[PDB]
Amino acid sequence: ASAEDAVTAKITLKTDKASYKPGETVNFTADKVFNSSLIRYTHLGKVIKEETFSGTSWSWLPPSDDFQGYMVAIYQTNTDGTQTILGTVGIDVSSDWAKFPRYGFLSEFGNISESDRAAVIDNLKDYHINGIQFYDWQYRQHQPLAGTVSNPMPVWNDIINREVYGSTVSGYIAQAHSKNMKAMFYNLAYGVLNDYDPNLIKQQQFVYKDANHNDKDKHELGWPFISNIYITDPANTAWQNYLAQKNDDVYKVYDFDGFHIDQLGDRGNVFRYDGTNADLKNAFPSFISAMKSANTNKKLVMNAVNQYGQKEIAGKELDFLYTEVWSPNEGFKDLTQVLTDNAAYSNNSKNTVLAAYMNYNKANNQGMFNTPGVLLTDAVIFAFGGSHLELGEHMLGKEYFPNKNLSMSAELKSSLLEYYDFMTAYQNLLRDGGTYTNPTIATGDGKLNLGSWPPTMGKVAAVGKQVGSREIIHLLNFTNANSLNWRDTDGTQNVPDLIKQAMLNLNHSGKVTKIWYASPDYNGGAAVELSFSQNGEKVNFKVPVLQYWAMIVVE
Ligand SMILES: OC[C@H]1O[C@H](OC[C@H]2O[C@H](O)[C@H](O)[C@@H](O)[C@@H]2O)[C@H](O)[C@@H](O)[C@@H]1O
Ligand SMILES: OC[C@H]1O[C@@H](O)[C@H](O)[C@@H](O)[C@@H]1O
Ligand code: NA
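Numbering (the deposited numbering), first residue to last: 32 to 586.
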């Protein structure tokens, strides 16, 4: 009758910041304390420090090598002589977010108390969120700063005519900063609302539906939005110069680290004023470079909406890659294609964040997220070196971030923390170089019915990655899957039955010295060294538990 693993954890173990620069001290908080307990600090399965669990609050200076993930696990020796993991936390030592981005958002900037904002940022911190997209903070797409640099409006009305407080924006930036997170301001690349100044943005800058500059292209918005959004040509230099100035104004008032560039995606066949093809995917590269040039110390990320623009922008000055995923990219195998493709487009230079809104249909109404839906999709994304923008004040159910129709159960919260712990702790193995492989792995007891990736409903999918001298094997469990659509749009996906103590046979040519297992579903993701035999090319071992996602590491 065991509860889910995350939920069984006797201790909640937390750290003060989301991430740490080399040389910065990690301060831990445990919610409760147990006798006869030892803290193990691990790097890639290896214990690098042991110390007595001696109280609720203590510090650790991590090794200074940059871009390293660690797992911290606390072990109690029970009176029978068995050991229990009480709790675990992952730690990212990164000088900068761009290598291993864990992106979240914020969506409400009105009169929210400091203590309320604090609780929001603290929560994100515990997911190790290392940067935040500030969504619909801006006054206007064509003028994101309300007021002047000299005299910034303290209170402005947003695109749905709600109040935004300068102090709330500044406050959240400061709070994210205090947790080692980056703050990225949302705007479109090319957005104009109907109150823009026609002396500053001229007819010649707009994108049109026809070749005779008759009808302007636009994002149609109903109530409560104040305006439809007109579209300019991102390659037009006057627009680039205009928005560069708007950006500087923002940066002079609000200490954003950079600009989240949004777009509306493929607009079909649309034209410049002169009747020429606006071909927007090939306009974005010049736009990115102009924006970077105008503020070289400020970060840029740009959303390739369903991969529109991705190939064209992947070699520009973007911190990492971002894809909002839509039809027909609805299969699990389509998420991994997007990740494979982004690697290729960036020549293996940039990792990806996926904006991939879960339980999308369900979210038309108040409800709960379907926990197994969310977990299985993040198991796939994380196993394949992806990252998921999904968490702010609430978890995203729609492309309109303020939509908060769906809530997360306490069970999902607990589990998802272990998932973010997992993908932080083991980032070096998930998305830090190496080549995908196709391991020859077989059940030795018939408890598992194994296939390769991409997955089949009814089967455990095995996929491998060669990372340095290590062979990694991910098991992702579709045994009980009733759909291979990642979005679980109606919240129908099944919880996988636990498989326990499952014999595996693996062909591995080289000598094996150590095999270890880690699963976010087992012991908080703590690395567990496995017994094994090796006979020529043939390694045998047993995995303790597969539910959604287990990782086996052969050294
Ligand atoms: O669900 C409401 C609304 O959400 C999105 O549109 C509003 C969105 O439009 C652009 O992205 C602007 O730059 C943002 O400031 C706005 O929040 C959907 O696109 C739309 O279909 C939907 O009605
Ligand atoms: O145990 C030696 C030292 O280890 C470091 O990692 C901790 O940050 C110190 O507080 C401690 O005194
Ligand atoms: Na980081």
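For each residue, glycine too, the CB sits at the ideal point set by N, CA and C.
For the alpha helix (DSSP H) containing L443, name the first residue and the last one.
Your numbering for residue 443 matches position 412 in the sequence shown. Note, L443: alpha helix (DSSP H), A441 to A456.
Considering just the uninterrupted stretch of the beta strand (DSSP E) at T354, what are its terminal residues?
As a position in the sequence shown, residue 354 is number 323, starting the count at 1. Counting along the chain, the beta strand (DSSP E) containing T354 begins and ends at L352 to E355.
In whole angstroms, what separates the C-alpha of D127 from that of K277?
By one-based count along the sequence shown, residue 127 stands at place 96. By one-based count along the sequence shown, residue 277 stands at place 246. Spanning the two alpha carbons is a distance of roughly 26 Å.
Please determine, among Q236, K573 and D552, the residue with the shortest C-alpha to C-alpha distance to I262.
The count along the sequence shown starts at 1 and reaches residue 262 at position 231. The shortest Cα separation from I262 among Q236, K573 and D552 belongs to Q236.
DSSP three-state label for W270, please.
Here residue 270 corresponds to residue number 239 of the sequence shown, with the count starting at 1. Three-state result, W270: helix.
Helix, strand or coil, according to DSSP, for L44 in the structure here?
The residue you call residue 44 lines up with position 13 of the sequence shown. Strand at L44.
How many Å lie between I204 and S500 at the Cα?
Taking the sequence shown and counting its residues from 1, one reaches residue 204 at position 173. Taking the sequence shown and counting its residues from 1, one reaches residue 500 at position 469. Answer to the nearest angstrom: the Cα atoms are 41 Å apart.
Name the one or two DSSP bridge partners that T108 has.
Against the sequence shown, residue 108 aligns to sequence position 77. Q114, per the DSSP bridge assignment.
Taking 6 Å as the cut-off, is the beta-carbon of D123 closer than that to any non-hydrogen atom of ligand 3?
Position 92 of the sequence shown, counted from the start, is the residue given in the question as residue 123. Set against 6 Å, the gap from the CB of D123 to the closest heavy atom of ligand 3 is smaller.
Who are the near neighbours of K63 in its chain, counting only those whose CB is closer than 7 Å to its CB and skipping five residues on each side?
Residue 63 sits at position 32 when you count from the first residue of the sequence shown. The answer, listed in chain order, is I42.
Is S90 near ligand 2, with its Cβ less than 6 Å from a heavy atom?
Taking the first residue of the sequence shown as 1, we reach residue 90 at position 59. The answer is yes for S90.
For ligand 3, any of its heavy atoms closer than 6 Å to the Cβ of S50?
Sequence index remark: in the sequence shown, residue 50 carries index 19 (1-based). Within the cutoff, so yes.
Could you spell out the range, first to last residue, of the alpha helix (DSSP H) harbouring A205?
Counted from its first residue, the sequence shown places residue 205 at position 174. Its alpha helix (DSSP H) spans residues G197 to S209.
I want to check one thing, is the minimum distance from the CB of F351 to the heavy atoms of ligand 3 below 6 Å?
In the sequence shown, counting from the first residue as 1, residue 351 sits at position 320. Not so, every heavy atom of ligand 3 lies at least 6 Å from the Cβ.
How is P551 classed by DSSP in three states: helix, strand or coil?
For this step, residue 551 is matched to residue 520 along the sequence shown. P551: coil per DSSP, three-state reduction.
Please indicate yes or no: does the CB of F413 lie closer than 6 Å to some heavy atom of ligand 3?
Your numbering for residue 413 matches position 382 in the sequence shown. No - ligand 3 has no heavy atom lying nearer than 6 Å to the Cβ of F413.
Starting from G404, trace the alpha helix (DSSP H) in both directions and tell me its first and last residue.
Locating residue 404 in the sequence shown gives position 373, where the first residue counts as 1. That run of the alpha helix (DSSP H) goes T402 to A414.
Which residues neighbour ligand 4 when neighbourhood means a C-beta less than 6 Å away from any of its non-hydrogen atoms? List them by chain order.
Inclusion of ligand 4 in the displayed structure is not the case, the ligand content consisting of ligand 1, ligand 2 and ligand 3 alone.
Are the beta-carbon atoms belonging to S125 and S201 less than 7 Å from one another?
Working through the sequence shown from its first residue, we reach residue 125 at position 94. Working through the sequence shown from its first residue, we reach residue 201 at position 170. Not closer than 7 Å, so no.
How is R518 classed by DSSP in three states: helix, strand or coil?
Sequence index remark: in the sequence shown, residue 518 carries index 487 (1-based). In this structure, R518 counts as coil in the three-state DSSP scheme.
Scan the stretch 468-516 and note each continuous beta strand (DSSP E) run of 3 residues or more that stays entirely inside, going in chain order.
Counting only runs of 3 or more, we get 472-474, 481-483, 491-498 and 501-508.
Could you please give me the residues that DSSP links to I262 through a beta bridge?
Taking the first residue of the sequence shown as position 1, residue 262 is located at position 231. In DSSP, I262 forms a bridge with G222.
Have a look at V576, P551, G541 and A325 and flag the residue whose alpha-carbon is nearest the alpha-carbon of residue 19.
Nothing about residue 19 can be reported from this structure: the residues present for the chain run from 32 to 586 only.
Pull up the DSSP beta-bridge partners for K569, would you.
Mapped onto the sequence shown, residue 569 falls at position 538. Looking at the DSSP output, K569 bridges to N538 and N566.
Does DSSP put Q164 in a helix, a strand or coil?
By one-based count along the sequence shown, residue 164 stands at place 133. Residue state, collapsed to three classes: strand.
Per the DSSP calculation, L422 is bridged to which residue(s)?
As a working note, residue 422 is residue 391 in the sequence shown. For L422, which the question treats as bridged, DSSP gives the partners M426.
Rounded to whole angstroms, what's the CA-CA distance from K247 to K240? Just pull it up for me.
The residue you call residue 247 lines up with position 216 of the sequence shown. The residue you call residue 240 lines up with position 209 of the sequence shown. Each residue's alpha carbon lies about 6 Å from the other.
I'd like the list of long-range same chain contacts for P316, defined as Cβ closer than 7 Å, with 5 residues on each side in sequence excluded.
Taking the sequence shown and counting its residues from 1, the one referred to as residue 316 is at position 285. The answer, listed in chain order, is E343, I344 and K347.
In the DSSP assignment, what residue or residues form a beta bridge with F237?
By 1-based counting over the sequence shown, the position of residue 237 is 206. Looking at the DSSP assignment, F237 forms a beta bridge with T263.
Would you kindly work out how many angstroms separate the C-alpha atoms of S181 and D47, rounded to a whole number?
Here residue 181 refers to the residue found at position 150 when the sequence shown is read from its first residue. Here residue 47 refers to the residue found at position 16 when the sequence shown is read from its first residue. If I take the Cα positions, the gap works out to 36 Å.
What number of angstroms, rounded off, separates the C-alpha of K496 from the C-alpha of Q458?
To locate residue 496, count along the sequence shown from 1; it is residue 465. To locate residue 458, count along the sequence shown from 1; it is residue 427. So the alpha carbons of these two residues sit roughly 13 Å apart.
Any idea what DSSP makes of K545, helix, strand or coil?
Looking up residue 545 in the sequence shown gives position 514. Coil at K545, not helix or strand.
Counting beta carbon pairs with one atom in the stretch 452-470 and one in the stretch 408-421, are three or more of them shorter than 8 Å?
yes
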